[PDB]
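> fold the following for me, if possible:
(11 chains)
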Amino acid sequence: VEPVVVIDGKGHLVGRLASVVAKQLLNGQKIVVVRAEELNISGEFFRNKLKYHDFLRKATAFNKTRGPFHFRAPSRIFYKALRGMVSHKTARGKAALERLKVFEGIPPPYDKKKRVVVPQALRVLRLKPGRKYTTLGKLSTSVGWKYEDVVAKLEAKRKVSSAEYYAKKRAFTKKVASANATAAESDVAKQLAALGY
Amino acid sequence: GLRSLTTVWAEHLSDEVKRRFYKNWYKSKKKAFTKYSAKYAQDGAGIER
Amino acid sequence: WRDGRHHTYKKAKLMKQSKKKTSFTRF
Amino acid sequence: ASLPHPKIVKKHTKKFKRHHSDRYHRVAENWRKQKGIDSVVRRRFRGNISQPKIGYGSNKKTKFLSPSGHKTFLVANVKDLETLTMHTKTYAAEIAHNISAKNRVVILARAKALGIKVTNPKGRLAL
Amino acid sequence: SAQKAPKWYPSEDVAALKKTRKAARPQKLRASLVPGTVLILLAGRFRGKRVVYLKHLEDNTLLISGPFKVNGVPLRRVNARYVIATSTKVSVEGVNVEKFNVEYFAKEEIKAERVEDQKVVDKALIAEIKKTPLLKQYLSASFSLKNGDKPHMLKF
Amino acid sequence: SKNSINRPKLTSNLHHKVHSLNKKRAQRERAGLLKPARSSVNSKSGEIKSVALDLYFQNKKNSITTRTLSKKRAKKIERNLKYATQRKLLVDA
Amino acid sequence: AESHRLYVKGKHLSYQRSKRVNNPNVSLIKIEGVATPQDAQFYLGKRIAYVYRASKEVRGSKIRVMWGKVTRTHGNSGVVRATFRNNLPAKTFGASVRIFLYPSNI
RNA sequence: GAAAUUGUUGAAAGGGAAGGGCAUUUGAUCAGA
RNA sequence: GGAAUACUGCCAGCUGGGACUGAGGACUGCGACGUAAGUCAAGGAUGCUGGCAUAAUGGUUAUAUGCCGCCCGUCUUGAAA
RNA sequence: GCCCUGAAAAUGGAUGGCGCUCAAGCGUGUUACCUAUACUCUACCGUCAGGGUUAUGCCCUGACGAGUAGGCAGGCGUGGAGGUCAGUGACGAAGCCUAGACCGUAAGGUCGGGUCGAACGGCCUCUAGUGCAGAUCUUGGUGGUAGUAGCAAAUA
RNA sequence: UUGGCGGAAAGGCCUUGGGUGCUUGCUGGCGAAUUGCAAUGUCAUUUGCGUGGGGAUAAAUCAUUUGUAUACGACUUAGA
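Numbering: from 1, shown residues only, chains lettered A, B, ... in the order given. Take a look at the structure below.
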């Protein structure tokens, strides 16, 4: 119901998010994923590291430069999981993937914007408690991603700025709600209450 | 990775480095860092910024 | 800004990017 | 002008081309049945050219009719034209290719006098 | 001879049509359409403009006035299937719709007959519109679908 | 598109191509190389189309072409036009 | 005032298709806010328009239109089948479409 | 004075083939009434 | 002790929306509604209205897009090989 | 009952892939839904049968349509011959080119434009040295390979 | 127009003042018509030529040369 949808990857499952996103792009919705480093996978760390190693040992033998390119970042892991769903070898699939943008962390201009979630892809809702899960920043740093220490240092600044913003907005909202409560009990407000507002 | 966001040069430079910037030195007017030296004016607001 | 030519050059780059749709962050 | 007729529908407007007539110059577009037993076109595999068959045939009431609603009749002279004195709402004259311009004007004049439609006027008559 | 001749020739006698058993029968309009009902137009010059309903005509159409005074819509013929019928209503008493028929609108600037008829009807229409609060402004306004509006759920 | 996944490639290429082609079409229209509408006075719809007669009447009204006229055909056209105007005069009288 | 919309926004998803076969004569439309066939039964029979832009101006407009009708539902999620006078070109999978409120039964 | 084949001009397509079938968009071109 | 409802089934019960089709070409027939007169949804669609009247619809052609599509013939149980 | 093990090598690799963990897995049950040249209804083409009617034709009705070796039937086309159109034609015959038009399910036929400059067609029949993608086919011609290999023995 | 913040791809955020219009917060007065019963019915940068804003005055490549280089291209140097 929007021109563009920003999705916070925190607390989500890679494959389910990939499925819903792919079917949205193929329908024509523009989507932007952020905080891929906080993304989650089902199963313990060991299993998924073993899986990535199984993927990593695969390579064209007579020339390694033309084989499966093993991208280490969480954004690229998610992009792989997604591209395997889309028929990316078609113009339709290319145009679909060109409606997508994946980012580690929340950079500008999306930091000053609203983010959403997908409840049929969240870990806490889809998984049963008492089940091991894996996080993608840890996995990528294990398999050779050399940037997890900068993204944390930057998110620690973004969060402070956002907290200042929220502390301002929350006092403004208190003022507004108090003024509205004082305006209430007027006959205009009674009519609005009757009509459902 | 690492990104360069600014580079600052000196006021006066030598014909040697100017030659490095140039590829046909004997024909040019040698206009390399004229406007930068001009940007090195009274207080150097840009330089200090 | 840096106030001399970076302003014009950067706004022109961004508008070329937004007309050709060749921008990494913006659509 | 012509008679009322049912609406014309054809069932196949596209031409029936021979297999590999696009691939070879020696193989012409005239239709020829593939007699091969290993032939996917004869075996009617999915994703192949269509073959002519009587199911594609046109309706008898609209057969041999041009969009004007007339059946074409070739004409070389005023005598062949006067065969169609009655049948103006069913038939339409078409002057033969071998006819000359001094006789074409005669044929057109008589066709105008008799109230006959000519299919190919302006032939050798641009002057 | 170039093309010899056919021995057979079809006769050029064109035959009459069979007696068709398809008689015109009057229209059965939906329940929501009743005179004095406020209507929303979905197409035309005046798409999205709220008007009133006055009369059903011989050619299946509906006669409507804006009124012209408030929203700028004249006496007009409108199809019933390009219209939404609100539950809002006005009482029609005294307006002379008897004059207007299908021949009134045949066309073959504006006619003094037309402006005369329009004024004399919309004085009597405004007189009853003034009873309800805000109906003048409601009819002056235009209709539009906002974000989050679903016509299958919307009561009109 | 793997080295830059967040940059559109094909949509930009197709934007470029469609604008490419639209400009060329508009200029081929401005240069009068495309044929006019069916009802325009200079149109040739229903008539016969022959570059020989076109060149004949152009050189009677009297920057590189493959269109010539064959003086043979020019003499033939003059002959047949004399016949045509003879018939028109016999209608005359 | 700010909005003059008298249509509903929808998306052209696909043609009617099997696994490996498609019927271009029938198209599939997803309507905004419609989640069930019980709701799409409202929108059946409605008129559909795909509006696109060309460079040429043909009859006083650079804007061209393809008209069609909604015919029936498709599945359980509120998707509908549609038929146009001329079938859509398949470069429009993921393109917006206008579903008008006429012909109205209200 | 055909075809294979070739040159110039004009239009178009082209991310490790091309060609073909169904359907339509876009551009060009065209007949009938 | 008194009812109701569910389930199953029936109605030659009522009503509404949506899609595709309109074959045939004077009459003849079974029927129905009607005091008759005649009328009718009864042996295949009629009626009202607007716009354009031309490249607009449509065809042909060069491309693009979605899906499909292995190079022909012969030989043999059977091959893209 | 489910789970682990219950042995299997060597280019990198496949529940079809992505990926899935109160499943997008196993078992079972209840509904809704997708979808074939299959089933139903309608139109059209053809065949077959049955009827009707002063015309190997016209009309009504209905059921059917896979196909190799192979069989039967109806048709299209080429060279020459008898007849006929008192046919066509230097105001342009045949032939050739053609993003142009039309008719037939098709074989094929017809038209327009351009080139060409002297003979050629429809119909009732006859006749045959009568229709090609192949045959490591015949003759002739032409290409990519390719401005490439190379034009380096014998002293200059 | 004041002042401040913001470097992850900041290119945006907030703020001061004075102008300039509008205000459907409330009540009035005029106009709409024939787009003819619907036809999406079109509403959201400049490159190019009037525009006269209208002044300021760089390089690379070939050729030549060098050999820290080299099959040829390339590379590396020099030359008013």
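
> where is the longest helix in chain D?
Looking across chain D with DSSP state H, the single longest helix is helix D:101-114.

> and it, what does it pack against?
helix D:78-81, strand D:91-95, helix F:71-92 (3 or more Cβ pairs under 8 Å, 6 or more residues apart in numbering or on different chains; DSSP states H and E). Bear in mind the C-beta positions are built from the backbone N, C-alpha and C, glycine included.

> can you tell if the longest one touches RNA strand H?
I take that to be helix F:71-92. No. Remark: helix F:71-92 sits outside contact range of RNA strand H, by Cβ under 7 Å from any atom of the strand, the gap being at least 10.7 Å.

> can you show me the CA trace of that helix as PDB?
C-alpha atoms of helix F:71-92 as PDB (Å, rounded to 0.1, in the frame of the first residue of the first chain):
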ATOM      1  CA  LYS F  71      15.200   7.600 -70.300                       C
ATOM      2  CA  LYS F  72      13.700   4.600 -72.100                       C
ATOM      3  CA  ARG F  73      10.800   4.800 -69.500                       C
ATOM      4  CA  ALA F  74      10.800   8.600 -69.800                       C
ATOM      5  CA  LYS F  75      10.000   8.400 -73.500                       C
ATOM      6  CA  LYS F  76       7.400   5.700 -72.800                       C
ATOM      7  CA  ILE F  77       5.700   7.900 -70.300                       C
ATOM      8  CA  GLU F  78       5.700  10.900 -72.700                       C
ATOM      9  CA  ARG F  79       4.200   8.600 -75.300                       C
ATOM     10  CA  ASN F  80       1.500   7.300 -73.100                       C
ATOM     11  CA  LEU F  81       0.700  10.800 -71.800                       C
ATOM     12  CA  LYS F  82       0.200  12.000 -75.300                       C
ATOM     13  CA  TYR F  83      -2.300   9.200 -75.800                       C
ATOM     14  CA  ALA F  84      -4.000  10.100 -72.500                       C
ATOM     15  CA  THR F  85      -4.500  13.700 -73.400                       C
ATOM     16  CA  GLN F  86      -5.600  12.800 -76.900                       C
ATOM     17  CA  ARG F  87      -8.400  10.700 -75.400                       C
ATOM     18  CA  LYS F  88      -9.200  13.600 -73.000                       C
ATOM     19  CA  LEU F  89      -9.500  16.000 -75.900                       C
ATOM     20  CA  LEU F  90     -11.700  13.600 -77.800                       C
ATOM     21  CA  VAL F  91     -13.900  13.700 -74.700                       C
ATOM     22  CA  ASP F  92     -13.500  17.500 -74.900                       C
END
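
> what about residue G:78, neighbour count?
By other Cβ atoms under 10 Å in any protein chain shown, 20 other residues sit near residue G:78.

> could you pull out the helices for the chain?
This is for chain A. A:14-25, A:45-56, A:74-83, A:91-97, A:123-126, A:136-142, A:148-183, A:187-194.

> the chain in question should be chain E.
Using DSSP H, helices in chain E cover E:68-71, E:112-129, E:135-140.

> show me which residues of the second one are buried.
Residues of helix E:112-129 classed as buried: E:117-118, E:121-122, E:125, E:128-129 (neighbour count, 16 or more other Cβ atoms under 10 Å in any protein chain shown).

> ok, now the last one?
Judged by neighbour count (16+ other Cβ under 10 Å), helix E:135-140 contains these buried residues: E:135-136, E:138-140.

> closest one of those to residue D:60?
residue E:139 (61.6 Å; Cβ to Cβ).

> name all residues that make contact with the closest one.
Applying Cβ atoms under 8 Å, 6 or more residues apart in numbering or on different chains to residue E:139 gives the contacts E:38, E:50-52, E:66-67, E:70-71, E:129.

> measure stretch B:37-49 end to end?
16 Å (Cα to Cα, to the nearest Å).

> how distant is it from the center of its chain?
Remark: stretch B:37-49 is offset 12 Å from the chain centroid, using Cα atoms, centre = their mean, to the nearest Å.

> does that stretch come close to RNA strand K?
No. Legend: contact between stretch B:37-49 and RNA strand K by Cβ under 7 Å from any atom of the strand is lacking; minimum distance shown is 9.2 Å.

> wondering if that stretch reaches chain C at all.
Yes. For stretch B:37-49, a contact with chain C is found by Cβ under 8 Å from any Cβ of the partner chain, at B:39, B:46, B:49.

> so is stretch A:84-94 next to chain C?
No. Using Cβ under 8 Å from any Cβ, stretch A:84-94 stays clear of chain C, coming no nearer than 13.4 Å.

> how about chain D: which residue is closest to chain B?
residue D:47 (50.0 Å; Cβ to the nearest Cβ).

> so that residue: helix, strand or coil?
Three-state call for residue D:47 (DSSP: H, G, I helix; E, B strand; the rest coil): coil.

> what about it, how many residues nearby?
Residue D:47 has 5 neighbours, counted by other Cβ under 10 Å.

> one step back: could the contacts of residue E:139 go into TSV alongside distance to RNA strand H?
Formatted as TSV, the contacts of residue E:139 follow (distance: Cβ to the nearest atom of the strand, whole Å):
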residue	distance to RNA strand H
E:38	40
E:50	36
E:51	36
E:52	41
E:66	38
E:67	42
E:70	41
E:71	37
E:129	47
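
> perfect, that will be all.
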